[PDB]
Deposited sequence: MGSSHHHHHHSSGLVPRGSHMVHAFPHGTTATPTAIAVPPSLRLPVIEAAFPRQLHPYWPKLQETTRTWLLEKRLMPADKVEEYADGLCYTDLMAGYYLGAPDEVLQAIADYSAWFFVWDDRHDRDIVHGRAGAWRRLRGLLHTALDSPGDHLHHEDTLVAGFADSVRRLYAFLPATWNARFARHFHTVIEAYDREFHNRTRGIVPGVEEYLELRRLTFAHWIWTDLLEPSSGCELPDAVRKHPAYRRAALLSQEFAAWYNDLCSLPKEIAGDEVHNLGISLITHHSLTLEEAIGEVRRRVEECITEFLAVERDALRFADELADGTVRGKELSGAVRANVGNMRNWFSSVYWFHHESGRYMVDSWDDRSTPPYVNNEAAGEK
């Protein structure tokens, strides 16, 4: 809605979608936060009720089973909390507290059960949400998710050593890192349980599927940095200003153009990926299943765009 944060293409071409389960989603999530004691009451209130953070997921994973959606939103809520601890350990120098948390998250990620009632709340909460996401598809999917999140936490570690030492990463260095601390591939994985199917490595690694999955995440990551730029360390504008010596009203234009480019590139590959889907329906049953899944996944990749865009303006 602000002029400098406005994207006419999103407004004209990416209608908001809202999952039917959204009302209960907020409730069950705020309830869960209290259950697991991951956050003070006041903060829970403003997270799920005040700023309705579960709406982010509710405009994203359309067609997801209610229980799958709930699991996702819990994870995302936990994520929020972890993101707050990370930030806190940083402005405290709690490198010991942080390192041990890091080691434990790695541990829990591989064996969630053993950690459901672990002393550290953040750890037990995480382990519950992970354990729940692990109950929808084959262990191969579960294994891929862990392999992806292991990297995410390591990325969060490097960002820790970046923001203490006060190291502003190179332009490309950050871009690579953000794909990780933003958990691009976790979200991409979570599309699959939503559509009730683990895509074969072949299907999900098709140039169009993977490029579409990527642009969706880039847009979300870079629009995030655009909104938060004037505020200010980690941000695409900050990296541009520091290493390309760009100015604010310059780095703001560059990030903005890069965001706009994600939209129009996605429009292009989106079409490639839906062609791909059409082709997957060979006539067989398994084929029609693979076609619908990819299609629902591309649709949610498209939904991320409006979900993230409109979330920021509310």
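Stretches of the deposited sequence absent from the structure, as judged by C-alpha coordinates, are 1-37, 270-274, 357-382.
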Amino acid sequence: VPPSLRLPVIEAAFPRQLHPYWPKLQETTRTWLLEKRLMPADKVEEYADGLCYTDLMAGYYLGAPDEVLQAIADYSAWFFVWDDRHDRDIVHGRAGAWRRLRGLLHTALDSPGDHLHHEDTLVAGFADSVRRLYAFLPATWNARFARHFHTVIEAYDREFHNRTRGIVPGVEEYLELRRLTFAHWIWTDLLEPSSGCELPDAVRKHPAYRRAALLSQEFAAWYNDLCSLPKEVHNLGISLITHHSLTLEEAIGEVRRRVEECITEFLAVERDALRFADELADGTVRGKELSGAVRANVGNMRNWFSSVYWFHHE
From here on, numbers count along this sequence of modelled residues.
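The mean C-alpha temperature factor is higher for 279-287 when 279-287 and 264-272 are set side by side. If you average the C-alpha B-factors over 181-189 and over 79-87, the higher value belongs to 79-87. Across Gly103, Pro230, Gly196, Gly125, the entry's maximum B-factor at the CA atom is seen for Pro230. When the C-alpha B factors of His150, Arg204, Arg165, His115 are read from the deposited coordinates, the top value falls at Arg165. When the modelled residues of the chain are ordered by C-alpha B-factor, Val255 sits in the middle third. Ranked by Cα temperature factor within the chain, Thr242 sits in the highest third according to the deposited record.
Ranked by C-alpha B-factor against the other modelled residues of its chain, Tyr60 falls in the lowest third. Per the PDB record, residue ranking by Cα B-factor puts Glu218 in the lowest third of the chain. Ranked by C-alpha B-factor against the other modelled residues of its chain, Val171 falls in the highest third.
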